[PDB]
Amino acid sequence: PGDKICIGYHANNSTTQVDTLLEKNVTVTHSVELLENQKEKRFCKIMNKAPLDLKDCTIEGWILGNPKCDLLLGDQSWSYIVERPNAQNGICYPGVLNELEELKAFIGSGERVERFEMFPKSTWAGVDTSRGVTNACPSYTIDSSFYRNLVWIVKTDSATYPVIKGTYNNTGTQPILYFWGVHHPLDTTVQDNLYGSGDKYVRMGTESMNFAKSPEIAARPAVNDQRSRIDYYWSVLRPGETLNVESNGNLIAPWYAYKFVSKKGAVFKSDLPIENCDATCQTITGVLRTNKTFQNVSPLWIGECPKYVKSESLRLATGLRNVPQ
């Protein structure tokens, strides 16, 4: 019969639950999900900058200048790289690109390259520069061609192969990424026809680097109908450094190279489409557009992304235990 005042707490229609150390599945009036599990399955611009689509080319095909990678050829700036898993245009003339993984890492660190002629063909005297093509390296228009960034130097019709020499002094601001090779004929016959007789060498040097190699003649298993091989090489000419080149024969010469400018870099191996959209957080499996603290999408990303955890949900109670009537 008397008047009453009661002390109590909020309840509502929530059926959102959290777990605690003491109890699982506790319905609570208010809560916040800290983890993001959703993504846009596509690649977007980061910081208003498009990624580089390597398309049908591997990284090797691109920076060596595989004749079928010409659409890529020239100058590039990128927020990250997309290499397609089934890309077919790489090293067309069989051989090993030495320190490949470390090359891939250096390129990944970059944001832009400017292609330029480092050694015009006129650099090398007494030799033929117009004949260095192969049916292992076709372009889309000619059956026999070669890498755009290299010159396969061969013997002149007469006189043998002379000592050839070239230099390049880096006066620029930027480091230069460049490439060269040593040809390894299957036969002493190929060796004799392309280069002279006599012991051949390829020698290179800067203020801080030394290179020396001579050919290793043997028939390797046939790849792209080639039983010969090229050993490919890469290096980086620092600002202010000079490169000296000297060869007897078997030199695959640097021709074009790259001014290279260097945050966090990303080479994503993926088949996802690149779309005309724009993003803050790009994952190898897609865009996160979210304000959440955690994500279970991928550990591999560029931009400002939430922390990767294996959790399915991280829901924090903010309200109280929900006990409606």
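In case it trips you up, residue 1 is the first one in the sequence shown, and so on.
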Taking the other compared PDB entries with both flanking residues modelled, is residue 263 unmodelled in at least a third? yes
Count up the deposited residues without coordinates from residue 38 to residue 39 and drop the result into none, 1 to 3, 4 to 9, or 10 or more. none
Of 128-136 and 98-106, which one has the bigger average CA B-factor? 128-136
Ranked by mean Cα B-factor in the entry, 152-160 and 186-194, top stretch is 152-160
Name the one of 34, 28, 64, 272 with the greatest CA B-factor according to the PDB entry. 272
Max C-alpha B-factor within the set 46, 59, 257, 52 falls on 46
Binned into thirds over the chain's modelled residues, the C-alpha B-factor of residue 81 lands in the lowest
Report the third (lowest, middle or highest) to which the CA temperature factor of residue 20 belongs, ranking only the modelled residues of the same chain. lowest
Assert third(CA B-factor, residue 228) within chain per record equals lowest
Give the position of residue 311 by CA B-factor within its chain, expressed as the lowest, middle or highest third. lowest
Where the record places residue 115 (Cα B-factor, split into thirds across the chain): lowest
